[PDB]
Structures are given as C-alpha cells and as structure tokens.
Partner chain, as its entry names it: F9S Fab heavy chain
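First, one chain by itself in structure tokens, the form solved without its partner chain.
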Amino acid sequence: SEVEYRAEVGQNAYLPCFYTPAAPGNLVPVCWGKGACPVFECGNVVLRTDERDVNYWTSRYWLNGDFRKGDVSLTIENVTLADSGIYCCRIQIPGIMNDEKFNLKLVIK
C-alpha cells in the first residue's frame, strides 16, 4: 500500500515529525493541522509552536516528545473514526520557500 499510521478507536494515535535545530534552544516554529500541506499553511490548524514554546493547541492534540530538541511528533488522544485522514506537520524554517512539509496518513478502525 503506502505509509500509514494506525490506531483503534479509543487509543492514542502517534504521528511522527522531526527536525534538527541549529543549536539547542534555537527552535523553529512548527504548524500541525488536519489536511494535506498544500492547504493554507498546514491545513486546519490543531497545534503550533514558535521559537520559544507551544503557542497554540486544540483539546486532545499533544506534543509529548522532546520538542525543544526537534521531536515535534503528534499525539492524538482518545481517537474516533472522525480523526482519520491526512495531517500536515510543517517545519517553518526561517526564510522563503524552504519549509519542510510532512504529510502523515492516519487510519482509524
């Protein structure tokens, strides 16, 4: 088939996303959203970070990894079938036409 991430209703879903900062504590803002990265900025936004901290989140969506070291992987808690679909993790590297865009397909059953 093709790369996908899987969960059963009631479980947590785990969607990977990583970048390497230039030096520790020098973070890059990240945009997580539902929908593919060609849509707006990172789809329908569910979570954002900036250079210093998490600045936006939606209930059930988490960065539980070490995001100050570039692990910006997403946890979606207590998934339902409506959570299936493509998600966008966008690494907003400073500068123009240089973002890293990751599209992650989540399948719930």
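We call the rigid core whatever largest set of C-alpha positions still superposes within 1.5 Å between the two forms. Residue numbers count along the first chain shown, from 1. Residues that one form lacks are left out of the comparison.
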Comparing 20 to 28 with 5 to 13, the higher average Cα temperature factor in the PDB entry belongs to 20 to 28
Which has higher Cα B-factors on average according to the PDB entry: 81 to 89 or 94 to 102?
94 to 102
From the entry's CA B-factor values, the highest among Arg60, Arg48, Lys69, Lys34 is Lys69
Would the CA B-factor of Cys42 place it in the lowest, middle or highest third of its chain?
middle
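One more form of this protein exists, namely the form deposited with its partner chain bound; it is left out here, but the text below deals with it.
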Although its partner chain is absent from this view, report whether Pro94 comes within 4.5 Å of it in the bound PDB entry, heavy atoms only.
yes
Does any heavy atom of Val79 come within 4.5 Å of a heavy atom of its partner chain in the bound PDB entry?
no
Indicate whether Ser84 is a 4.5 Å heavy atom neighbour of its partner chain in the bound PDB entry.
no
Does any part of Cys42 reach within 4.5 Å of its partner chain in the bound PDB entry? Heavy atoms only, please.
yes
Could you check whether the CA atom of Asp83 moves 2 Å or more between the shown form and the other one, using the rigid core for the fit?
no
Quick one: once the rigid core is lined up, does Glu41 have its C-alpha move by 2 Å or more between the shown form and the other one?
yes
Cα separation of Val39 and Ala82 in the bound PDB entry versus here, shift of 3 Å or more:
farther
Note on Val39-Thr80 C-alpha separation in the bound PDB entry, which departs from the shown form by 3 angstroms or more:
farther
Using a 2 Å C-alpha criterion and requiring 3 or more consecutive residues, which regions move between the shown form and the other one after core superposition?
38 to 41
